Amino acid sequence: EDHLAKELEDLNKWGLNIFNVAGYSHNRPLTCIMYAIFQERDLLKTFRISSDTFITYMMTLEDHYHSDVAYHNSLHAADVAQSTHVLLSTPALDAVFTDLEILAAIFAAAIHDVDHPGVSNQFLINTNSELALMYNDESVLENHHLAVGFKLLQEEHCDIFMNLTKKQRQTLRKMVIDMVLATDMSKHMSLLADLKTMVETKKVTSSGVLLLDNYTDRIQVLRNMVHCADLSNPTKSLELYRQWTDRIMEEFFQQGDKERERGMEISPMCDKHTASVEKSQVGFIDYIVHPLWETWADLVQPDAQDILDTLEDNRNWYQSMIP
């Protein structure tokens, strides 16, 4: 409507408010934002993706995120997808990626947490869930999200890549699997050490645009790009960041409650009777988010300085809320 259209004028901006798009799209944010992103970038045209087919796939994908899970629902997928869309336009990365890689990244963002049950890999492993047994305790959820996303492409009424070549579809699938498996937090520390090595030997053309020799280098920047998007909540305006915080805490505390009911050990940031929301966000920024974004900023400097300044300001707000 008039409000949804005013809000999507920010489609290519970090300042986009996804909670507002959700309000004006019948709580179908993922479908609305993916369709806006694909039109903006001409991906339907480029890959002969039918409009009805793409919408039918996106609405089914969306319906497979659980609406009664406080944080890992379709609003988070929508946010990571839109955030990824903006990152891909960063001046330092201009003309580096093929249209195929741009398509895989945004697609990956969208499916990256589908059918998330609101509990962590460790909880599924310690409770002997069917998923942990299925995936042998390794990147349990991530493998599951990929499995569902790619499974949904099997029916013809839903195959949005049916017009890619075979070499393209295979190249796509490889890239998407690689990006989503990289969202597993147990991989965070080595992805970052690898990102730091990429900065160390960064080469740029005369116009301030990164030089990415082969596929190895590009997929490395893309995995890291979806990972930053996944970890982008604290880099957004304070107003958005706080709603995201409320949401991750509601989910984590629910798991905490399930751990207790089952008499399991409770992870300190999941225990609602003792955990500080404010200290936890400060630690989250100091030990995970800042270290990561600081490195992303070096890679694409100075494109992410605004983001780094917002992150620091948001850090200081949570610190001042701590007695």
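Residue numbers here begin at 1 and follow the sequence given. In this text, the rigid core denotes the largest set of C-alpha atoms whose superposition between the two forms falls within 1.5 Å.
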(request) Could you tell me which of the two stretches, 138-146 or 154-162, has its Cα atoms lying farther from the shown structure in 8 other deposited structures of this protein after fitting on the rigid core? (result) 154-162
(request) With the rigid core held as the alignment frame, decide whether 257-265 or 280-288 lies farther from the shown form in 8 other deposited structures of this protein, in terms of RMS C-alpha distance. (result) 257-265
(request) Between 228-236 and 153-161, point out the one with the higher average CA B-factor as the PDB entry records it. (result) 153-161
(request) Compare the mean C-alpha B-factor of 267-275 with that of 253-261 as given in the PDB entry, and name the stretch with the higher value. (result) 267-275
(request) Name the residue from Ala92, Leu141, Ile177, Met189 with the greatest C-alpha temperature factor listed in the entry. (result) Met189
(request) Classify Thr197 as lowest, middle or highest third according to the C-alpha B-factor given in the PDB entry, relative to its own chain. (result) highest
(message) Which third, lowest, middle or highest, does the C-alpha temperature factor of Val96 belong to within its own chain?
(response) middle
(message) Could you place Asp68 in the lowest, middle or highest third of its chain by Cα temperature factor, using the values in the record?
(response) highest
(request) Taking the values exactly as deposited, rank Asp213 by C-alpha B-factor within its chain and report the matching third: lowest, middle or highest. (result) highest
(request) Grab the CA temperature factor for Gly15 from the record and place it in the lowest, middle or highest third of its chain. (result) middle
